[PDB]
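Undergrad: Before anything else, here's the structure in question.
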Amino acid sequence: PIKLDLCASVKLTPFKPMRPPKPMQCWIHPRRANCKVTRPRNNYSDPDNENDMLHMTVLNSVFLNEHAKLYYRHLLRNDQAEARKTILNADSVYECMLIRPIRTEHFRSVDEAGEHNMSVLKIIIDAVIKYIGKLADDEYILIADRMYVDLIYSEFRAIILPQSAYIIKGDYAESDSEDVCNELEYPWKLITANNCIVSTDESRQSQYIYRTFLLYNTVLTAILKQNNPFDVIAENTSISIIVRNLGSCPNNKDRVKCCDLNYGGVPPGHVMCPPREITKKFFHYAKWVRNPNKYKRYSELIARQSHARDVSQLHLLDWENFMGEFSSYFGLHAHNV
Amino acid sequence: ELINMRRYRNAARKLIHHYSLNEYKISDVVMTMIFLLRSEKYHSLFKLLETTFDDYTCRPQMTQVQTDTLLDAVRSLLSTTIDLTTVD
Amino acid sequence: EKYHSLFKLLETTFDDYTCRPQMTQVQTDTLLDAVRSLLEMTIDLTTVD
Amino acid sequence: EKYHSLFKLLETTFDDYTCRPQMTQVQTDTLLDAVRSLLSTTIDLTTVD
Amino acid sequence: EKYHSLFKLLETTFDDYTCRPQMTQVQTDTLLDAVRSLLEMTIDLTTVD
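Protein chains in written order, with PDB author numbering: chain B, 7 to 184, 190 to 317, 335 to 365; chain J, 112 to 133, 139 to 194, 198 to 207; chain U, 156 to 196, 200 to 207; chain N, 156 to 194, 198 to 207; chain I, 156 to 196, 200 to 207.
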């Protein structure tokens, strides 16, 4: 249903510039329809090309940028997938993945892994942390997909996946004014610029903590052989009820009852138990996904003050302590931070 | 590093948490008190627990801003609502 | 005002009172002089305890 | 082969405990990552000892 | 600081308590001089054990 602004708003049938694949399915992603995997009929003289794994992912076209370029690709760098390219078909969109796993390499979806092989787990955390490192401090991001990043992973690699996210370039005009929203060529800048917002300290902290929670949710998903309900961004779903069901950390009320979760291998204990109120505020920050443009309601949210300011600062510092102990738990380094 | 600070943090946390509640070992108290001593931010507690030795000496009378400082110091190791009654 | 030191000792007694506050020697002398002015006397630290 | 260090650790532990041999910090981190890969719960010099 | 060698020894004693620490000879006479200084007694390694 598309119309023009002339004296007759004509109904336009959404044109289909690409045969939509009828056999839509990915065995690595059985629960996902938009996820489709497939192995091409490579030149059969060469057994090597047999390994080439190809996965297309479906998604809306809004996720493309002003340049018609999909947002996660901006954060992509030194990618591991053998190749990638975008696919625009009307509102729908597709994103095919060329991969060539080595003679024995075998990827698999991060979801529901449970995997306790901290070597592979650390491979994935390195991939995701380096990827999100491409984010700028005054640039921020939300993930309308879920509260984590999808990916697959083999013993040799951890291939990232396309994400339903939205870039948002905030701008903190430092009092000492000595990347700008008006980066076009001067003529074009005369008309318009990025749909920027007002950056500030609190927004920086909010986005940083948000990406950190994304990291931790992905880590959970990796070490959860059961459902990791944290991903769920359902409108009806509320974190209040979520932690009411899950309860709080037995070892300390402050944190969540993540000690009792179901783990593919060794349970780590109350290690996976983050403070609760920080998670709550994180979910509130995440709710931004539905109205990204209205930034005043979510930009500083994780770092906002509910004295209330003292409690917010203290509990954010508690979450920072949690990140410190987490990094120590995996021998990590905050140079990415 | 003279003392691996992770176990010092953890021991201090768990001991003070159980004390607030109302299994441990003397070496655990040693690690917690050295955790304290290393933490430059907790000198008020240094002197509190130093005086407490032997007789109960004197709880120092502190400006309320320093009271908030020590209360935040405690809450960091847990945060939960607290008061001077619990810390005493 | 001349017994404000004594009053602050009262405030300390109000507290857990399981640990006598420690006072400088001049503070002790002023405390003794003030209590002697109040009682209108001899007095000593034991009576203060 | 990547756990040659633990080879010698267990060899020395045979019969006498000897002591905990000193080691350079970079080697400490690498061996900690090795044990990590071999585990789970956070580790350090004390746990490996 | 002078007795920080004995300090590391009593820190290592927190371990499995089956280890026997080892140290070079000059480190040994440094430890012995330190303990003799603190004791102001001669002293020997059996005392250290």
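Ideal placement from N, C-alpha and C gives every residue a C-beta, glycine not left out.
To the nearest angstrom, report how far apart B:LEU76 and B:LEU345 are at their CA atoms.
TA: Taking the straight line joining both Cα atoms gives about 34 Å.
Undergrad: Helix, strand or coil for B:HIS61, going by three-state DSSP, please let me know.
TA: strand
Undergrad: What does a CB cutoff of less than 8 Å around B:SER251 pick up in its chain, not counting 5 residues either side in sequence?
TA: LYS291
Undergrad: Can you tell me where the alpha helix (DSSP H) holding J:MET178 begins and where it ends?
TA: Counting along the chain, J:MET178 sits inside no alpha helix (DSSP H), nor does DSSP assign it H or E at all.
Undergrad: Is the beta carbon of J:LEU186 sitting closer than 8 Å to the one on J:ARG124?
TA: no
Undergrad: Which residues in chain J sit within 7 Å of U:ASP171, going by Cβ to Cβ distance?
TA: Within 7 Å of the CB of U:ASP171, the CB atoms of chain J belong to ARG175 and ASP207, in sequence order along the chain.
Undergrad: For B:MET59 and B:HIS112, I'd like the C-alpha separation in whole angstroms.
TA: 10 Å
Undergrad: Applying a beta-carbon distance threshold of less than 7 Å, which residues of chain B neighbour N:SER192?
TA: Within chain B, the residues near N:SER192 are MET124 and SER125.
Undergrad: So is B:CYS41 buried or exposed if we call it buried at 16+ other beta carbons inside 10 Å?
TA: By the Cβ neighbour-count rule, B:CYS41 is buried, with 16 or more other Cβ atoms within 10 Å of its own.
Undergrad: Ignore the nearest five residues each way along the sequence and tell me which others in J:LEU153's own chain have a CB closer than 8 Å to its CB.
TA: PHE162
Undergrad: Looking only at C-alpha atoms, which of B:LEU10, B:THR229, B:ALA89 and B:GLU311 sits nearest to B:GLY120?
TA: If we check each option's Cα against that of B:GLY120, B:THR229 comes out closest.
Undergrad: Would you grab the beta carbon distance between B:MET124 and N:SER198 for me? Rounded to a whole angstrom, and I think it's under 8 Å.
TA: 7 Å
Undergrad: So, does the CB of J:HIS128 fall closer than 8 Å to a CB anywhere in chain B?
TA: yes
Undergrad: To which residues does DSSP link B:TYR146 through a beta bridge?
TA: B:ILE174
Undergrad: For chain B, find out if any of its Cβ atoms is closer than 8 Å to the Cβ of N:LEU186; answer yes or no.
TA: no
Undergrad: Taking three-plus beta-carbon pairs below 8 Å as touching, is the region 208–222 of chain B in contact with the region 138–152 of chain B?
TA: yes
Undergrad: Distance, Cα to Cα, J:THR205 vs B:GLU161?
TA: 51 Å
Undergrad: Count the other CB atoms within 10 Å of the CB of J:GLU139; is the residue buried (16 or more) or exposed (fewer)?
TA: exposed
Undergrad: Got a sec: is the Cβ-Cβ distance from N:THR204 to anything in chain I below 8 Å?
TA: Residue-level contact by beta carbon holds for N:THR204 and chain I, with a gap shorter than 8 Å.
Undergrad: Cα-Cα, which of B:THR44, B:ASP151, B:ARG106 and B:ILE93 is closest to B:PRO53?
TA: Taking only the C-alpha atoms, the option nearest B:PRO53 is B:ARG106.
Undergrad: For B:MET24, which of helix, strand or coil comes out of DSSP?
TA: coil
Undergrad: Looking at the structure shown, is U:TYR158 part of a helix, part of a strand, or coil, going by DSSP?
TA: coil
Undergrad: Can you name, in chain order, every residue of its own chain whose Cβ lies under 6 Å from the Cβ of B:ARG163, other than the five neighbours on each side?
TA: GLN86
Undergrad: Leaving out five residues before and five after B:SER51 in sequence, what residues of the same chain have Cβ atoms less than 6 Å from its Cβ?
TA: none
Undergrad: Alpha carbon to alpha carbon, how far is N:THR167 from B:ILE135? Give it in angstroms, no decimals.
TA: 39 Å
Undergrad: Confirm, please, whether the CB-CB distance from B:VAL277 to B:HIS122 is below 8 Å.
TA: A Cβ-Cβ contact shorter than 8 Å links B:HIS122 with B:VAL277.
Undergrad: Taking Cβ-Cβ distances shorter than 8 Å, what residues in chain N pair up with B:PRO279?
TA: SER198 and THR199
Undergrad: Would you say B:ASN364 and B:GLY176 are within 8 Å of each other, going by their C-beta atoms?
TA: no
Undergrad: For B:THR110, which of helix, strand or coil comes out of DSSP?
TA: Three-state result, B:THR110: coil.
Undergrad: Return yes when at least one heavy atom of the ligand ADP lies under 7 Å from the C-beta of B:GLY276, else no.
TA: The ligand content of the structure shown is nil, which means the ligand ADP is not present either.
Undergrad: Identify, in the order they occur along the chain, each residue of the same chain with its Cβ nearer than 8 Å to the Cβ of B:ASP190, setting aside the five sequence neighbours on each side.
TA: Closer than 8 Å at the Cβ level, and outside the excluded window around B:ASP190, lie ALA142, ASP144, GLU145 and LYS175.
Undergrad: DSSP three-state call for B:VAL43: helix, strand or coil?
TA: strand
Undergrad: Take the Cβ of B:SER317 as the centre, count every other Cβ of all protein chains shown within 10 Å, and call the residue buried at 16 or more, exposed below.
TA: exposed
Undergrad: Please tell me whether B:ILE244 and B:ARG152 are closer than 8 Å, where the distance is taken between their beta carbons.
TA: yes
Undergrad: Using a Cβ-Cβ distance under 8 Å, would B:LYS291 count as near chain J?
TA: no
Undergrad: Name the residue from B:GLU196, B:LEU10 and B:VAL99 whose alpha carbon lies nearest to the alpha carbon of B:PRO23.
TA: Closest option to B:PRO23, Cα to Cα, is B:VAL99.
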